[PDB]
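What follows is a single structure, written as structure tokens, with notes after it.
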Amino acid sequence: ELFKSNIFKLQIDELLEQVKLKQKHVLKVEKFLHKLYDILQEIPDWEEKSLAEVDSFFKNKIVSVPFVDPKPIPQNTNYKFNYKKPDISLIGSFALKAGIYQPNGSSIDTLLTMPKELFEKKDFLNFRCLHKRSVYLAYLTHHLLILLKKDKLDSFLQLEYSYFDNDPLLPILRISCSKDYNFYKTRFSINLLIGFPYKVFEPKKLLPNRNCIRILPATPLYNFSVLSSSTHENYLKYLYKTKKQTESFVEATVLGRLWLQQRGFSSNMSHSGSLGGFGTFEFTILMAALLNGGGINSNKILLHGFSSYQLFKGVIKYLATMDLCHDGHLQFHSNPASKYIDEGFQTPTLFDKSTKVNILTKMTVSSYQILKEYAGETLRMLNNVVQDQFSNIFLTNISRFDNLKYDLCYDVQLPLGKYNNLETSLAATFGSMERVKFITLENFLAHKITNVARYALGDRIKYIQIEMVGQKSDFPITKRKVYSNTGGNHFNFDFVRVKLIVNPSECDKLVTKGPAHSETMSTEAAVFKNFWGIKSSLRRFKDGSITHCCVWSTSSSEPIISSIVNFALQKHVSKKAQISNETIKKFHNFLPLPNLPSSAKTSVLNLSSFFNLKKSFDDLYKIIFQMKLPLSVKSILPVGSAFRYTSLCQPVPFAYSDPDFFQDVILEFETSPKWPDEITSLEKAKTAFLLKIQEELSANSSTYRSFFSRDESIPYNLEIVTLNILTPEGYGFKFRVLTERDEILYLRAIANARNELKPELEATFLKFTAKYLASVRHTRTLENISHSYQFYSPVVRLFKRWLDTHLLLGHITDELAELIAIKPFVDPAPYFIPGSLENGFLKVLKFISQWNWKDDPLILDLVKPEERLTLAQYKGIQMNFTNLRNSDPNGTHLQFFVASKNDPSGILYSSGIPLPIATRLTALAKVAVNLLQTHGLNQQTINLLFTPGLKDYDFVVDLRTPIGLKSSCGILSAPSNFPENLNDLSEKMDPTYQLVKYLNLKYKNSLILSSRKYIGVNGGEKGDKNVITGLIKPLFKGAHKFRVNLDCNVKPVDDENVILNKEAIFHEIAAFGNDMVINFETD
Amino acid sequence: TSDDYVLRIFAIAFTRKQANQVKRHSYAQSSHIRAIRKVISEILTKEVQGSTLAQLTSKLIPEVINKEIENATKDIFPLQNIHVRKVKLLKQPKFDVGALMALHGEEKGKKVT
Amino acid sequence: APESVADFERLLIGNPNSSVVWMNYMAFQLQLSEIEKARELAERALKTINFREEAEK
Amino acid sequence: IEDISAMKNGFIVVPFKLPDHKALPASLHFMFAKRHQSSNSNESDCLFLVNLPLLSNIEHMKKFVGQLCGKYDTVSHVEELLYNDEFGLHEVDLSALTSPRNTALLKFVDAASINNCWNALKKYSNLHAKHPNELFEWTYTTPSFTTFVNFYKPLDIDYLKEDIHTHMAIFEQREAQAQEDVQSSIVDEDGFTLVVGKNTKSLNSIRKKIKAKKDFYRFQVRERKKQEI
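Residue numbers (UniProt numbering), protein chains in the order written: chain B, 96 to 274, 282 to 317, 326 to 445, 453 to 983, 1010 to 1116, 1128 to 1237; chain C, 129 to 233, 238 to 245; chain L, 1457 to 1513; chain U, 3 to 27, 32 to 105, 120 to 230, 252 to 270.
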């Protein structure tokens, strides 16, 4: 605990001093608030007045009384209104002495308390006290205006009406400044509060279950608003007492506020499509309660003696482990220990016995659940001993984009109209009972929409939130409330967006199972059928279950979630609603689709293609073992991209124009001591087994087809031979042989070679091991991890497609691409594990954009959720990275560094990458994230970030293949056999990638080149267009003394110095691609 | 294994005799016994730590681990009847219905009314 | 005439076995008084330069 | 660029115009040559050639030497060309490891041919210096679909069979000779025998293959006494 404790504590103090406040601004606002007290005592009072009296008053006055809805009426205002000198108090992080330097700007509350002799026992009913407060604050604001016009500070002061954390029942006063009391630079604000004294109305009469609006259902929000306004100060005093009792209270408070701010939470009312309610005030309350007790045994789980880190541990673990909503709640006394009860009131219940208040009535159940999920996430990442998570916890703001925070988004336009128009517009009704249960229609619709979506999906999501686009909390002084008219409404929004944390394993299910069946139709089945209406049906299954249920239609373009939410809202909410997410629609459109039967209906998590592929391979695999040879076959291990769920376009029978058509399989024999000991003789022995196997297969399995492709992808081995086999399932594999003598011979060549030759031979051995040895472990772990992480396959597919569109794949290797794409899943922090294609792809792009490979290495924990990298292994990898970067302090020889249990060296898949390529990749990631930030997410942005730039390209060669390869590749906009001539197979095959490979071999000393690997997806409609982009190295672009190994094509400027020969190089390229070259464009 | 399946493997072997034996018995010394036990242990553990459980059964079917054991111990002492006697599961990981369905290589009803 | 580390790295990326470029970088580092850094960059040049350029070695 | 006819280090520039391509709005592919100075018998009568065009093979060399002989009335018979590794695939020979780039060599039949073509290329350099049109246009054996599907050619089983059979036969011959050589009781010229353990195969392999007390005496125990006291 000591090591992490010290590092975490030094980080604590570092961050707090970094974010520390400004005492000059403190004293500035302190003298300003003293002047405010003086102005308050200068304000005169107002006697008992009627509705007509106050109406005339504020009618002749410019200020209008912001009456709560519904407004008071003469027919029922038999009582009256009064204003006296209010008691004055200070509240806030400043009041607790734990303020910070907020860049956005903060505010400190000051409370005005209305007089008891102005009160009556019959005032907490039917908005009597609410209208009292409304007129009280209206008078206060008018006289503040007149005293401001007296003191002549109106030049830079700004006064506006507001709501107490967006509470319409609690309108407050907002004060800000602009450019001697010019506190504008302090970036602070002031909040005038109007409250009630302590024990003004009976708390048990004002309990949430109680009703205090006659017309019977409880009035919980009414109760909480009034009783909080009543007992505001007792919490302040209790918090101060606890702060003085303990030592690190302010430190824990600032940690909490920073963490919640980064998450995107506050004390803002959450009940109306907003994410908040839990903020610093109630956080402090909670810390006080837990140091007061907390256990079910009411024991002191929080001792006053801990440090800030310990207090944060206790609070966050209590939040992650202890339920406050459904099956438990906590109860305490502010004047008596804190005891936990296993009773949950179906809402977060922190209940103070001393004041009979539940503090947490600002909670939606969804908000409580999602906060508990954050709590658990932070527990695991704070118990993580190996990696440090301080940055991931505190130095990141997740609430910057909804599409990154959450998986699915759906925008809905709601042209509801007006209060009367709701009845003909809303399917549901909003009468008196509905008004009293949700005072504000925004609240009513928010609860209704959350309940309908939650019931409509259930298992299909893990978490849900709703946001009304267009919500406001401020309005001018001359208004009774906030007024808006756009969006086909008269309310404080434009439209709505539902947002979804989805369960991937449950997302795709074709049938929304319901309850069972009897002759008597039980309550749950009854409500289910009534809810689903026409969709509901009774259906039977093979086990013989009779259950009401609903079926859907899978699509390759949109989720079953899309269809379900669309129907549910169009039926049970409104008939005029409009629902969409064209972003995800277009993403699924861009993910390639194969030429297979029913591909349009095929879901994205459908691996049926991979599985048919695996099955045919299994057939061939049994054939090879039962074949007989001079040596027994030890094992056959597939290493195919298809086998590891990473091919760009899913394999299709007879689609041999795919580059990934020939998956590779290592074929490892038993250990004979009679191998050749010379390298090429050994390779020829391998070819000898392959030829024997081919003969036997040709004789006894005449249905298969075979030939020999001479591979030399491994440097300085001119004798690699791969047996290509075509299986009548229309698939194709290539076999190569492995041997411990291969390993030993490569090492012996390393040893024997000269030291100036050593690095090249090391690189060759490295390529060997990457292809032959580690690839197997990589594909094993990759498959297993994928099945645990479903969406990984589609996200990495689309990412790899994007890289081909930008022409990086000719240089970045598939293993490296897959490692990067699997990073977000295996390292979800601080987000969730991605649950949609969109969310995953954007998380990948955000990571790659923010990655600083010059300093940050990459260590991946390829494990299932909860063989993990132990501390020693992590230390060793960090040591490897440090030594490597110390040797190469600029990254010239190596840019990226990705390590795993499979790769302790962190080199295998990252070597041989040009620095121009690496920096271009980083630049593209940066430009994509900036474009998303600025233009806002839309399908036009999608097209922009998927189309290539064709910029910073010294030369561009546009070529086109004579035949269309899209159909033969098997991607929809089809072959069904193999050509009788494997030579004709080669004919149909695409050359351009190997062309650019050879050319890069020729000019890598001088030129860097890129192409499109996958034509059928980026070759236009016909799938036949390709482009070669070429850049020239700087000094060869310049000039050098012409010495014997010039390694370039040049034009001599002098009789000893030369300059490079651009147009001759272009001519060489053109002749090389003579048949295919169509257009050339120079710089 | 790599699948997080804690496993226990028992192997046996019997010291056979050469083609020109004349000695009635073919007994090995305790040294040869210990050497062969070490070799068998390292072979088994290397194989089933590089493997996965499905891959483990695929290896264990056509008697290939014991072919390896023979081919490795062929220089200490000539053996016979080398077999992987028994395999025992001990711990299982978190369940995985997707892994099972893939390993085996969705449906509607019939409108009862 | 490279003057920054970025320019030196660009010259080396253009030509890694460039003995003139490595020598210029070493002279610049020695001028900036980084003996250990110059030695490490010389080691990098040894590790990167071609086995064909014996004269450069 | 016109007066630049030869190099002060001796090299002579040999340019080459190129055809006006469709996508291009002539060239001069510059190339250099110098006589070779090698003690090797097979590397004599050789011209060292620099900045060759792609796939500069014997046919291209014959065409160019024919152009030179026809123009300058010289006689020069090429015999064979060396070091034609233009992609970088034969720099290290792993075979003999475990048992001059962007340039080539061109051997001729005699010094008569080599000096005739040397004078011819000198006159070609003069052509570049003065009249750049009387030069020669370089023609590639075109890299196109036919030769690259040839590059994707499925390999001939008969060729592979014969190659493997021959290669194994000679390999086994060499291996067995090494076996007898290393295990045939090697005795030095003077009386010395060499020890080779069983199952070794190569002399090359062999070449590559290549308690006290503290408290016993007087000085000991007396010093222990002295340091302890």
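For each residue, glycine too, the CB sits at the ideal point set by N, CA and C.
Whether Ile1085/B touches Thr700/B by CB criterion (8 Å): What you label residue 1085/B is simply residue 942 of the first sequence in a count that begins at 1. What you label residue 700/B is simply residue 583 of the first sequence in a count that begins at 1. It is a contact, given that the beta carbons lie within the stated cut-off.
Residue ranges of each alpha helix (DSSP H) within the stretch 680-757 of chain B, 4 or longer: 699-707 and 725-743
Proximal chain B residues relative to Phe1507/L, where beta-carbon distance stays under 7 Å: The residue given as residue 1507/L occupies position 51 in the third sequence. Result: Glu873, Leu874 and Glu877.
Anticipated Cβ contact below 8 Å, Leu337/B with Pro305/B, distance rounded: Here residue 337/B corresponds to residue number 227 of the first sequence, with the count starting at 1. Here residue 305/B corresponds to residue number 203 of the first sequence, with the count starting at 1. The Cβ separation is near 6 Å, so the contact holds.
In DSSP terms, what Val1100/B is bridged to: Position 957 of the first sequence, counting from 1, holds the residue named residue 1100/B. Beta-bridge pairing links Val1100/B to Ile1182/B and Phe1234/B.
Cβ neighbour criterion (16 or more within 10 Å) applied to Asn1135/B: As a position in the first sequence, residue 1135/B is number 981, starting the count at 1. The residue is exposed, with fewer than 16 neighbouring Cβ atoms inside 10 Å.
Beta-ladder partner(s) of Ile578/B, from DSSP: Against the first sequence, residue 578/B aligns to sequence position 461. Answer is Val619/B, bridged to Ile578/B.
Chain L within 8 Å of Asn1199/B, Cβ atoms only: As a first step, residue 1199/B must be located in the first sequence, where it is residue number 1045. Interface residue, yes.
Rounded straight-line distance, which links the Cα of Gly194/B to that of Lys175/B: Taking the first residue of the first sequence as 1, we reach residue 175/B at position 80. Taking the first residue of the first sequence as 1, we reach residue 194/B at position 99. Each residue's Cα considered, the two are about 41 Å apart.
Rounded C-alpha distance that separates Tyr419/B from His564/B: Residue mapping note: residue 419/B aligns to position 309 of the first sequence, counting from 1. Residue mapping note: residue 564/B aligns to position 447 of the first sequence, counting from 1. Each residue's alpha carbon lies about 37 Å from the other.
Secondary structure of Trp649/B, DSSP reduced to three states: Numbered from its first residue, the first sequence carries residue 649/B at position 532. Residue state, collapsed to three classes: helix.
Coil, strand or helix - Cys52/U by DSSP: Numbered from 1 along the fourth sequence, position 46 holds the residue referred to as residue 52/U. DSSP places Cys52/U in strand when its eight states are reduced to three.
From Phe303/B, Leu128/B and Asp1201/B, residue whose alpha carbon lies closest to that of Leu294/B: Position 192 of the first sequence, counted from the first residue, corresponds to residue 294/B. Minimum Cα distance to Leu294/B is reached at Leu128/B.
Cβ shell of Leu220/B (< 8 Å), same chain only, five flanking positions each side left out: The count along the first sequence starts at 1 and reaches residue 220/B at position 125. Around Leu220/B: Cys314, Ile315 and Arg316.
Rounded Cβ spacing between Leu53/U and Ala32/U (contact assumed at less than 8 Å): Here residue 53/U is taken as the residue at index 47 of the fourth sequence, counted from 1. Here residue 32/U is taken as the residue at index 26 of the fourth sequence, counted from 1. That belief does not hold up - the Cβ atoms of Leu53/U and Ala32/U are roughly 26 Å apart, past 8 Å.
Unbroken beta strand (DSSP E) run spanning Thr129/C, endpoints: Counted from its first residue, the second sequence places residue 129/C at position 1. Note, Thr129/C: premise wrong, no beta strand (DSSP E); not H, not E.
Same chain, Cβ closer than 8 Å to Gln253/B, neighbours up to 5 away in sequence not counted: Start at 1 with the first residue of the first sequence, and residue 253/B comes out as number 158. These residues qualify, in order along the chain: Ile270, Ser271, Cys272 and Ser273.
Closest residue to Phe1132/B among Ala772/B, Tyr132/B and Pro832/B (Cα-Cα distance): Sequence index remark: in the first sequence, residue 1132/B carries index 978 (1-based). Residue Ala772/B is the option with its Cα nearest to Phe1132/B.
Contacting residues, own chain, Cβ-Cβ under 7 Å from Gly1107/B (five flanking each side not counted): By one-based count along the first sequence, residue 1107/B stands at place 964. For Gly1107/B, where only same-chain residues beyond five positions count, the Cβ hits under 7 Å are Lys1176, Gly1177 and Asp1178.
Range covered by the beta strand (DSSP E) that runs through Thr466/B: Start at 1 with the first residue of the first sequence, and residue 466/B comes out as number 349. Looking at the DSSP string, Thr466/B is not in any beta strand (DSSP E), and its letter there is neither H nor E.
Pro165/B and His226/B closer than 8 Å at C-beta: Taking the first sequence and counting its residues from 1, one reaches residue 165/B at position 70. Taking the first sequence and counting its residues from 1, one reaches residue 226/B at position 131. No; because the gap between Cβ atoms is not below 8 Å, this pair is not in contact.
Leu835/B, DSSP secondary structure in three states: Here residue 835/B is taken as the residue at index 718 of the first sequence, counted from 1. In the structure shown, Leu835/B sits in coil (DSSP, three-state: anything other than H, G, I, E or B).
Cβ neighbours of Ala946/B in the same chain (closer than 6 Å, five flanking residues each side left out): Working through the first sequence from its first residue, we reach residue 946/B at position 829. Taken in chain order, the residues that qualify are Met498 and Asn509.
Exposure of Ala570/B, with buried meaning 16 or more beta-carbon neighbours within 10 Å: The sequence position of residue 570/B within the first sequence is 453, counting from 1. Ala570/B is buried by the Cβ-count criterion.
Between the CA atoms of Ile939/B and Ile950/B - distance to the nearest angstrom: Here residue 950/B refers to the residue found at position 833 of the first sequence. Here residue 939/B refers to the residue found at position 822 of the first sequence. Each residue's alpha carbon lies about 11 Å from the other.
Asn706/B versus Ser679/B - alpha carbon distance: Position 589 of the first sequence, counting from 1, holds the residue named residue 706/B. Position 562 of the first sequence, counting from 1, holds the residue named residue 679/B. Taking the straight line joining both Cα atoms gives about 15 Å.
Cβ of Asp1031/B within 8 Å of any chain L Cβ: For the purposes of this step, residue 1031/B is identified with residue 888 of the first sequence, where counting begins at 1. At least one chain L Cβ lies under 8 Å of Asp1031/B.
Whole-angstrom C-beta distance between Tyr89/U and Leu60/U, which should lie under 8 Å: Here residue 60/U corresponds to residue number 54 of the fourth sequence, with the count starting at 1. Here residue 89/U corresponds to residue number 83 of the fourth sequence, with the count starting at 1. That pair is no contact at about 15 Å.
CA-to-CA distance, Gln1083/B to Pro876/B, given in whole angstroms: As a position in the first sequence, residue 876/B is number 759, starting the count at 1. As a position in the first sequence, residue 1083/B is number 940, starting the count at 1. Roughly 48 Å between the two C-alpha positions.
Contact set for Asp775/B: own chain, Cβ-Cβ below 6 Å, skip 5 residues either direction: Stepping through the first sequence from its first residue, residue 775/B is reached at position 658. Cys1112.
Exposure label - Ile1223/B; buried when at least 16 CB within 10 Å: For the purposes of this step, residue 1223/B is taken as the residue at position 1069 of the first sequence. Buried.
Nearest candidate by alpha-carbon position, reference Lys1044/B, set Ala1061/B, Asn1137/B and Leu1014/B: In the first sequence, residue 1044/B corresponds to position 901, counting from 1. It is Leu1014/B whose Cα lies nearest to the Cα of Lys1044/B.
Proximity winner among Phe251/B, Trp369/B, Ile578/B and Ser725/B, relative to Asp282/B (alpha-carbon distances): Numbered from its first residue, the first sequence carries residue 282/B at position 180. Checking every option, the nearest Cα to that of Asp282/B belongs to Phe251/B.
Minimum C-alpha distance to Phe165/U - residue among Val1100/B, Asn606/B, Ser1140/B and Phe259/B: For the purposes of this step, residue 165/U is taken as the residue at position 145 of the fourth sequence. Among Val1100/B, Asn606/B, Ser1140/B and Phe259/B, the Cα nearest to that of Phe165/U belongs to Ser1140/B.
Chain B contact residues for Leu60/U, given Cβ-Cβ distances below 8 Å: The residue labelled residue 60/U in the question sits at position 54 within the fourth sequence. Ordered by position in chain B, the residues that pass the 8 Å Cβ test against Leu60/U are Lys1156, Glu1222, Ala1225 and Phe1226.
Reduced DSSP secondary structure (H/G/I, E/B, other) of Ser601/B: Position 484 of the first sequence, counting from 1, holds the residue named residue 601/B. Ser601/B: coil per DSSP, three-state reduction.
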